[PDB]
């Protein structure tokens, strides 16, 4: 594997692959590309303000990072086609930059000689978007450029998939109360894209924000195609998010009935977990699920024949999503 973008997702992908050890023996990272010195990349891998200090020996050379006696070549090629990692025997590209979020853009990795590309984000409606343990089965040996979806997609998908299987979703709306991310502003100022809300200080604001996670969920769950919409509120934490789903269902239900039906689909599920301890956002930081169902927030509102059903799942939008991406990575082998 070649990692393009050794950012939050790229470095956590590296940590996840490393900590899996033998359960990841079928893959091996060999090289990294970013816009930065190997010295700083080694430093950021080692010391993480959100996830703590890597329990491993981390150093840098003029052109690489060294972890536990193993050399990882670092390039600084802004153009994906000019990365010569295919010098390192790269077969697949983990595309984590946010600048190649297209079949047409990620084509560059296939030009540099990659077999396959997995993009760490939504990447259009014209390729497969995989949420592991929802639709990883649509993957075939012909697939060259695949989206691992967004963090919100990996949280919403299993909640919606199993809720719809059990009760039938006619229509739903989503709000994700979502940790701030690296595209946001530390202080009010000019932001790429020019968005009036993305421009605002992330740490001291609730910021309404677009996600396609609901609108595009059709790519992951065809039966929900065109049935969901939603948006995010970016709030003042570094990591840890929850998705609220409000839906009209086919079936009349109670909260207990919704919770027992969804919970059964979490039994032994490493992608879609369960928690009824009344956790809060920081409790999911470092968890390995893409989605954690929280029955304690389930709410069914009924007046005669009209019924609204609220369900909620937590997610570590960094490490939780990353563990989903790595599961999807391993399946590509």
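Numbering follows the first chain given and starts at 1.
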### Missing from the model but present in the deposited sequence, between residue 86 and residue 87
1 to 3
### Mean C-alpha temperature factor, higher of 149 to 157 and 163 to 171
163 to 171
### Query
Would 200 to 208 or 137 to 145 have the larger average of its C-alpha temperature factors, as given in the entry?
137 to 145
### Message
Per the entry's Cα B factor values, which of 40, 35, 279, 285 stands out as the maximum?
### Response
35
### Task
Identify, among 189, 122, 113, 240, the residue whose C-alpha carries the highest B-factor in the deposited PDB entry.
113
### Task
Grab the CA temperature factor for residue 132 from the record and place it in the lowest, middle or highest third of its chain.
middle
### Query
When the modelled residues of the chain are sorted by Cα temperature factor, does residue 82 land in the lowest, middle or highest third?
highest
### Task
Determine, from the deposited record, the chain-internal third of the Cα B-factor for residue 318: lowest, middle or highest.
lowest
#### Entry: residue 324 by Cα B-factor - lowest, middle or highest third of the modelled chain
middle
## Note on the structure
residue 73: C-alpha B-factor third of its chain, per the entry, is the middle
